[PDB]
Ligand SMILES: CC(C)CCC[C@@H](C)[C@H]1CC[C@H]2[C@@H]3CC=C4C[C@@H](O)CC[C@]4(C)[C@H]3CC[C@]12C
Ligand SMILES: CC(C)CCC[C@@H](C)[C@H]1CC[C@H]2[C@@H]3CC=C4C[C@@H](O)CC[C@]4(C)[C@H]3CC[C@]12C
Ligand SMILES: CC(C)CCC[C@@H](C)[C@H]1CC[C@H]2[C@@H]3CC=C4C[C@@H](O)CC[C@]4(C)[C@H]3CC[C@]12C
Ligand SMILES: CC(C)CCC[C@@H](C)[C@H]1CC[C@H]2[C@@H]3CC=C4C[C@@H](O)CC[C@]4(C)[C@H]3CC[C@]12C
Ligand SMILES: CC(C)CCC[C@@H](C)[C@H]1CC[C@H]2[C@@H]3CC=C4C[C@@H](O)CC[C@]4(C)[C@H]3CC[C@]12C
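Protein chains in written order, with the deposited numbering: chain C, 18 to 62; chain R, 4 to 151, 163 to 280; chain B, 13 to 340; chain A, 4 to 55, 182 to 234, 241 to 354.
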């Protein structure tokens, strides 16, 4: 298990953080939890 | 005189403690009622708390009347209304106390049958009987005042009307519940004192609580109902009625602490 | 041995902290969530829940003797299937919604077909072979299922054939939870040995392991992107791990919190991390700045489980009482 | 609710609540018990003979009372990860063999460690514990050829049955720190089959009495 675990492709943590931030901001406008949903059109009301 | 003075701090010492205990107990009782599977215990306790609250709400009306050296400065109709409410609340409280005793006895005498046959409907019909026997029977307050002061200076017909009905009031509304409570508490004490496997501390605590409750029931509603037969024997209205009412008012203040603060809260 | 080389590679890869990178963005403001709908049909403690693909029907499992499917829009119940065993700690919803799987202390999580010609729900399949209590078995696909048990092994079964198609072993402690990646090719599995592992069902063997927790990881999740995930343990800490970095990224801990984690879920965009607790409180941590965006305290005993709809329009939490709440 | 589909939805709904209430009404009358033991004592060979995969469920009836016993034998995982499920059970029957003091799995002390954990568990701070000291017949044979000082270095008594049996029971009855809230019902399983049933029924009856008195305010 250790032999295959050691031989893996490990990217820089900065690139992973940048990708995570880009994914978070790209879908930020599509999150009803972040942006306050209007009372209308809301199924739960 | 000294009697009115004693009335002042007696009613004050009842007043300043009756309300908070009932107020804190009411929320717990309604929460337990709203909780799933409500036992008949909760219904009777809630009814008793409501009766105590009704009794306490009428305390200032009599307090202001008795403050002015036993002088009536209020309309006759409203005085009769408060008197009827007070007496009905007292009788409802004593009948609910009687109902609790038989329910407590059955919980220990036959716990297996009591566990698998419980239903809240049995706790509502028994409670409703107390309301029916309180409101329905306590009509003599209305008829006497409107026949032909506040329960004093009775005339010939006023005295001849209240005496023969006070015996019925003491007999069918106090004597039978008192006997039922005494028998049930004696049976519960006898059963608890001889049990197969119980804790000594729990057994002694239960026996002491039962004895305390029996003593409370036998000294709070005792003299007030005895005064009915005393007046019938003397063919006149007893003068020792206000103190009997004061003694009967102890239950309305000490019931929530007896039924709630029994080792639950230090 | 190889552990030293792996640690050295991980140290070399880490050059910048996530807090330093993400400090430029504005912090997420305080958010308040209110209980729009409440479910009181249950009569005992519930231990698991799941959300359907349509984000309208949600399943819940308790010890009252049955599991119930609720229509969140109208609060009405459409199915209440009794259970052979009262002890149930896991319930799952198929992606198509045709089947529902649930299991508990018995080493069997069974699947019932919700949609039937006669209109009555019937037991479709019972899977046996595990040597421990089922922790969390999830519907990988309408044809294959994934099971996690307390015997430190995980399994992948075929519903039609009813046998262990694949077996995953290597965990030291008891496995507590698993989460499926969106592509349905990778998944994570956290055990009681303060460790988590990554497995692909296509090959049948582990890919990489992650450690750092000081307690038993009882909750796991997966980022919507699929390149990262989150874990929650009894040490009152939540740890974010990255697949491409093989190391921790953020730790969500506070001095006030002493109780452990009961459930962990991610929002639609992965910006909010909803973590349950044993103090009947749910915390909406910031997935990028580790900031408490909000606290939900609508429960009584402790938040047993929580989940987020597919569209992320609401968050539904179930506690140790017979209460189910839906916020936003 | 005006629509026919909505009306059918609410019909099925309140049908479901009616069925749930009917099912849950009998749950209160149900009596649930847990079974526990250490090592070979985990299998309740003396309680699973009444003749009347992980969790094993045993069903029986006595005095018009339904008893359902849950036994954990194949659950070899950590107890703390699933012991919270058995919260609210009427009673716990913990069985430790009296003949396990001499031979080394030593395992008599392991029974005390297991008994300590369940008795002092935060989830079992209210449920009573029933203790059965089974294998009493084998205890007499082993008390003659071997002494009680091997497993009890602090023993300060003779080898009499009354003293030896009480000595083992006394240490098992003092392991509960919550004496006010928890009661331990000790018993020795007799050869007669009826005697074992009565003690379990009597112990459950006391628990029922405590529950009934708790509602009345006598707790
Ligand atoms: C004053 C009101 C509240 C009375 C309450 C009594 C209610 C709770 C009902 C519910 C279950 C009932 C019991 C069911 C079966 C039996 C066995 C019988 O051999 C004696 C009575 C006994 C033990 C019943 C006594 C009354 C009872 C306890
Ligand atoms: C008189 C006021 C204070 C209380 C009114 C109810 C009293 C009289 C009590 C005393 C005897 C009681 C009953 C004793 C035995 C049973 C059978 C059981 O299967 C249901 C309850 C039932 C039917 C009890 C109902 C309530 C009960 C009728
Ligand atoms: C507080 C005041 C007003 C009331 C005092 C009465 C109670 C608390 C006292 C007076 C008599 C006492 C009991 C006298 C004899 C025994 C037998 C023993 O094996 C257990 C305790 C027990 C059963 C006592 C319990 C408490 C007790 C009931
Ligand atoms: C508490 C219960 C069990 C016992 C009740 C007995 C006592 C409280 C009752 C019954 C007999 C009553 C007395 C009967 C006659 C008189 C004379 C009168 O001019 C004043 C009151 C007085 C002195 C009564 C005071 C209270 C009284 C003593
Ligand atoms: C627990 C506390 C609040 C009890 C309050 C009630 C007390 C203070 C009141 C109510 C009834 C009162 C008594 C009524 C009649 C008499 C006879 C008289 O010749 C002396 C006073 C005496 C004996 C009173 C003493 C005080 C008294 C006992």
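Built from N, CA and C at the ideal position, the CB exists for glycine as well.
Residue i bridges to which residues according to DSSP?
{"i": "residue 197 of chain A", "result": "A/35 and A/188"}
{"i": "residue 94 of chain B", "result": "B/78"}
{"i": "residue 309 of chain A", "result": "BP columns for residue 309 of chain A are empty, so no partner."}
{"i": "residue 199 of chain R", "result": "Paired residue(s): none; residue 199 of chain R is not in a bridge."}
{"i": "residue 337 of chain B", "result": "B/50 and B/329"}
{"i": "residue 168 of chain B", "result": "B/158 and B/178"}
{"i": "residue 83 of chain B", "result": "B/69"}
{"i": "residue 111 of chain B", "result": "B/125"}
How is the beta strand (DSSP E) around residue i delimited, first residue to last?
{"i": "residue 245 of chain R", "result": "Element bounds for residue 245 of chain R: not the beta strand (DSSP E) but the alpha helix (DSSP H), 236 to 248."}
{"i": "residue 191 of chain B", "result": "189 to 192"}
{"i": "residue 342 of chain A", "result": "Taken as a continuous stretch (DSSP letters only), residue 342 of chain A belongs to no beta strand (DSSP E), being part of the alpha helix (DSSP H) at 328 to 351."}
{"i": "residue 62 of chain B", "result": "58 to 63"}
{"i": "residue 328 of chain B", "result": "327 to 331"}
{"i": "residue 220 of chain A", "result": "220 to 224"}
{"i": "residue 213 of chain B", "result": "Segment: none, residue 213 of chain B is in no beta strand (DSSP E) and carries neither H nor E."}
{"i": "residue 267 of chain A", "result": "263 to 267"}
{"i": "residue 45 of chain R", "result": "Run containing residue 45 of chain R: none in the beta strand (DSSP E); it sits in the alpha helix (DSSP H), 43 to 60."}
{"i": "residue 16 of chain B", "result": "Not the beta strand (DSSP E): residue 16 of chain B falls in the alpha helix (DSSP H), residues 14 to 25."}
Return yes when the Cβ of residue j is within less than 8 Å of the Cβ of residue i, no when it is not.
{"i": "residue 102 of chain R", "j": "residue 47 of chain R", "result": "yes"}
{"i": "residue 108 of chain B", "j": "residue 184 of chain A", "result": "no"}
{"i": "residue 331 of chain A", "j": "residue 324 of chain A", "result": "yes"}
{"i": "residue 199 of chain B", "j": "residue 208 of chain B", "result": "no"}
{"i": "residue 198 of chain R", "j": "residue 105 of chain R", "result": "yes"}
{"i": "residue 312 of chain A", "j": "residue 255 of chain A", "result": "yes"}
{"i": "residue 146 of chain B", "j": "residue 121 of chain B", "result": "yes"}
{"i": "residue 60 of chain B", "j": "residue 30 of chain C", "result": "no"}
{"i": "residue 302 of chain B", "j": "residue 295 of chain B", "result": "no"}
{"i": "residue 190 of chain B", "j": "residue 158 of chain B", "result": "yes"}
{"i": "residue 88 of chain B", "j": "residue 16 of chain A", "result": "yes"}
{"i": "residue 19 of chain A", "j": "residue 50 of chain A", "result": "no"}
{"i": "residue 53 of chain B", "j": "residue 80 of chain B", "result": "yes"}
{"i": "residue 37 of chain C", "j": "residue 35 of chain B", "result": "no"}
{"i": "residue 194 of chain A", "j": "residue 218 of chain A", "result": "no"}
Any heavy atom of ligand 5 within a distance shorter than 7 Å of the CB on residue i?
{"i": "residue 13 of chain R", "result": "yes"}
{"i": "residue 9 of chain R", "result": "yes"}
{"i": "residue 259 of chain R", "result": "no"}
{"i": "residue 16 of chain R", "result": "yes"}
Considering only heavy atoms of ligand 4, does any lie closer than 7 Å to the CB of residue i?
{"i": "residue 63 of chain R", "result": "no"}
{"i": "residue 237 of chain R", "result": "yes"}
Taking 7 Å as the cut-off, is the CB of residue i close to at least one heavy atom of ligand 1?
{"i": "residue 28 of chain A", "result": "no"}
{"i": "residue 113 of chain R", "result": "yes"}
{"i": "residue 116 of chain R", "result": "yes"}
If you measure from the CB of residue i, is any heavy atom of ligand 3 nearer than 7 Å?
{"i": "residue 218 of chain R", "result": "yes"}
{"i": "residue 225 of chain R", "result": "yes"}
{"i": "residue 226 of chain A", "result": "no"}
{"i": "residue 212 of chain R", "result": "no"}
{"i": "residue 352 of chain A", "result": "no"}
{"i": "residue 45 of chain A", "result": "no"}
{"i": "residue 222 of chain R", "result": "yes"}
On the DSSP letters alone, give me the boundaries of the alpha helix (DSSP H) that residue i sits inside.
{"i": "residue 225 of chain B", "result": "Element bounds for residue 225 of chain B: n/a, residue is neither H nor E."}
{"i": "residue 35 of chain R", "result": "5 to 37"}
{"i": "residue 316 of chain B", "result": "Not the alpha helix (DSSP H): residue 316 of chain B falls in the beta strand (DSSP E), residues 315 to 320."}
{"i": "residue 265 of chain R", "result": "256 to 274"}
{"i": "residue 91 of chain R", "result": "79 to 112"}
Please indicate yes or no: does the CB of residue i lie closer than 7 Å to some heavy atom of ligand 2?
{"i": "residue 129 of chain R", "result": "yes"}
Quick one: is the Cβ of residue i within less than 7 Å of any heavy atom of ligand 6?
{"i": "residue 243 of chain R", "result": "Ligands displayed in this structure: ligand 1, ligand 2, ligand 3, ligand 4 and ligand 5; ligand 6 is not among them."}
Report the residue ranges of all beta strand (DSSP E) runs contained in full by the stretch 255 to 297 of chain B; include only those spanning at least 3 residues, in chain order. 259 to 265, 273 to 278 and 284 to 289
Taking the runs of the alpha helix (DSSP H) that are 4 residues or longer, which of them lie wholly in the stretch 6 to 54 of chain A? 7 to 32
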